Amino acid sequence: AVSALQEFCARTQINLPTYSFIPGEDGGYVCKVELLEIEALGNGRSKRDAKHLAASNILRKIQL
């Protein structure tokens, strides 16, 4: 998902997204992504998983 968002950003000539991670309540990981003043979260058992989930969510918000 992250690659798709970064590619999207390139094609649309906008800034790249930034990410931040916090411990999840269930012992997993929660990721926040910020781009063009849009926020989205992702929830998974790893930073990898959460990062892509967050990227996917924010991508839809901006792209669609």
# chains A, B, ... in the order shown; residues from 1 in each chain; ligands from 1
call {"tool": "select_by_dssp", "arguments": {"residues": "segment 4-59 of chain A", "states": "strand (DSSP E)", "output": "MDAnalysis selection string"}}
result
chainID A and resid 18:23 29:35 38:44
call {"tool": "residues_around", "arguments": {"residues": "segment 18-33 of chain A", "least_positions_apart": "5", "cutoff": "8 Å", "atoms": "only C-alpha atoms", "output": "ChimeraX atom specification"}}
result
/A:39-47,50-51,54-55,58
call {"tool": "residues_around", "arguments": {"residues": "residue 5 of chain A", "least_positions_apart": "2", "cutoff": "8 Å", "atoms": "only C-alpha atoms", "output": "list in words"}}
result
residues 1, 2, 3, 7, 8, 9, 17, 55, 56 and 59 of chain A
call {"tool": "write_last_selection", "arguments": {"atoms": "C-alpha atoms", "output": "PDB file, in the first residue's frame"}}
result
ATOM      1  CA  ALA A   1       0.000   0.000   0.000  1.00  0.00           C
ATOM      2  CA  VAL A   2       2.813   2.389   0.912  1.00  0.00           C
ATOM      3  CA  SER A   3       4.358   2.090  -2.549  1.00  0.00           C
ATOM      4  CA  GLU A   7       3.659   6.503  -6.472  1.00  0.00           C
ATOM      5  CA  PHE A   8       0.353   8.367  -6.279  1.00  0.00           C
ATOM      6  CA  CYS A   9       2.138  11.260  -4.576  1.00  0.00           C
ATOM      7  CA  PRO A  17       3.402  10.932   3.467  1.00  0.00           C
ATOM      8  CA  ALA A  55      -1.250   4.205   3.722  1.00  0.00           C
ATOM      9  CA  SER A  56      -4.176   2.448   2.047  1.00  0.00           C
ATOM     10  CA  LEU A  59      -4.767   6.978  -0.209  1.00  0.00           C
TER      11      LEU A  59
END
call {"tool": "select_by_dssp", "arguments": {"residues": "chain A", "states": "alpha helix (DSSP H)", "output": "number ranges by chain"}}
result
A: 2-11, 47-63
call {"tool": "write_last_selection", "arguments": {"atoms": "C-alpha atoms", "output": "PDB file, in the first residue's frame"}}
result
ATOM      1  CA  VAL A   2       2.813   2.389   0.912  1.00  0.00           C
ATOM      2  CA  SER A   3       4.358   2.090  -2.549  1.00  0.00           C
ATOM      3  CA  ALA A   4       0.996   2.843  -4.157  1.00  0.00           C
ATOM      4  CA  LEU A   5       0.638   5.979  -2.037  1.00  0.00           C
ATOM      5  CA  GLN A   6       4.188   7.128  -2.762  1.00  0.00           C
ATOM      6  CA  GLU A   7       3.659   6.503  -6.472  1.00  0.00           C
ATOM      7  CA  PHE A   8       0.353   8.367  -6.279  1.00  0.00           C
ATOM      8  CA  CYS A   9       2.138  11.260  -4.576  1.00  0.00           C
ATOM      9  CA  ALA A  10       4.776  11.322  -7.313  1.00  0.00           C
ATOM     10  CA  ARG A  11       2.216  11.239 -10.122  1.00  0.00           C
ATOM     11  CA  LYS A  47       4.804  -1.816  12.103  1.00  0.00           C
ATOM     12  CA  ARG A  48       4.873  -3.209   8.568  1.00  0.00           C
ATOM     13  CA  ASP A  49       1.209  -4.223   8.608  1.00  0.00           C
ATOM     14  CA  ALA A  50      -0.046  -1.035  10.256  1.00  0.00           C
ATOM     15  CA  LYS A  51       2.003   1.174   7.939  1.00  0.00           C
ATOM     16  CA  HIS A  52       0.456  -0.298   4.793  1.00  0.00           C
ATOM     17  CA  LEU A  53      -3.049  -0.264   6.263  1.00  0.00           C
ATOM     18  CA  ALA A  54      -2.649   3.406   7.167  1.00  0.00           C
ATOM     19  CA  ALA A  55      -1.250   4.205   3.722  1.00  0.00           C
ATOM     20  CA  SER A  56      -4.176   2.448   2.047  1.00  0.00           C
ATOM     21  CA  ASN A  57      -6.769   4.356   4.069  1.00  0.00           C
ATOM     22  CA  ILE A  58      -5.315   7.815   3.458  1.00  0.00           C
ATOM     23  CA  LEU A  59      -4.767   6.978  -0.209  1.00  0.00           C
ATOM     24  CA  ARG A  60      -8.491   6.372  -0.683  1.00  0.00           C
ATOM     25  CA  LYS A  61      -9.360   9.585   1.154  1.00  0.00           C
ATOM     26  CA  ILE A  62      -7.190  11.651  -1.183  1.00  0.00           C
ATOM     27  CA  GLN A  63      -7.350   9.651  -4.406  1.00  0.00           C
TER      28      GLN A  63
END
